[PDB]
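First, one chain by itself in C-alpha cells, the form deposited in one PDB entry.
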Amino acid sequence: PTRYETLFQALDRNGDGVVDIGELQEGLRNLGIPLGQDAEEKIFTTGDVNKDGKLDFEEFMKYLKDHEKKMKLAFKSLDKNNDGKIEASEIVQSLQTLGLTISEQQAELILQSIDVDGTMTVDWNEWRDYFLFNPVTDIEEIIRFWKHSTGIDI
C-alpha cells in the first residue's frame, strides 16, 4: 500500500487533511490494529517533522515509506533462500548468525505471532502489513518486540 492515501483517509476522521493523536488512537483501535499509546506516540513524534502536533499526509507518507524500507531490509535480512518468504528454519538460522540460539518450536511461536492470515509462512506483503504501524526501526528492535510479544526466551 505504498501511496498510503487509503490509510490516511481512514485515519482522518473529521476530514481536515491532518491526523491528530486522537484520530490515530481511535482509528488504529477501530481498524483492529493492536498498538500501545507510547508506541503510537513514538510514531507521531518521529513523523511530525514540522512539530505542529499534527500529521499531514506528506509526513504520514514519508514516515510509512522510510519505515517500509527499514522493514524490507529487515525482511531480506531474514530471507536466506531468497524465495520471498520466511520459514521457521530461516528464523532459526538468521537468529543463529546473530549469536542467539532458539528452538524450532519457539520459532514456530514467533512465526505464528507475526502471521495474521492463515498462510503459515510470511511473505513480504504480510510482513509489511504486520509491521506497518509497529515503530520498530531494525531487526534488533524487531527481536526486542518479539521478546515482549511472545513472552519467550531471548
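Residue numbers here begin at 1 and follow the sequence given. We call the rigid core whatever largest set of C-alpha positions still superposes within 1.5 Å between the two forms. Shifts are known only where both forms have a C-alpha.
There is also a form deposited in another entry; it is not shown, and the following applies to it.
Once the cores line up, the CA of residue 117 ends up 2 angstroms or more apart between the shown form and the other one. Shown in the overlay between the shown form and the other one, fitted on the rigid core, is a CA shift at residue 53 smaller than 2 Å. With the core held fixed, the Cα of residue 65 is displaced between the shown form and the other one by less than 2 Å. A decrease of at least 3 Å in the separation of the C-alpha atoms of residue 127 and residue 31 is found in the other form, compared with the displayed form.
Relative to this form, residue 136 and residue 30 approach one another in the other form, with their C-alpha atoms ending up at least 3 Å closer. Core-based superposition between the shown form and the other one shows that the consecutive residues, three or more at a time, whose C-alphas shift by 2 angstroms or more lie in 26-37, 112-121, 152-154.
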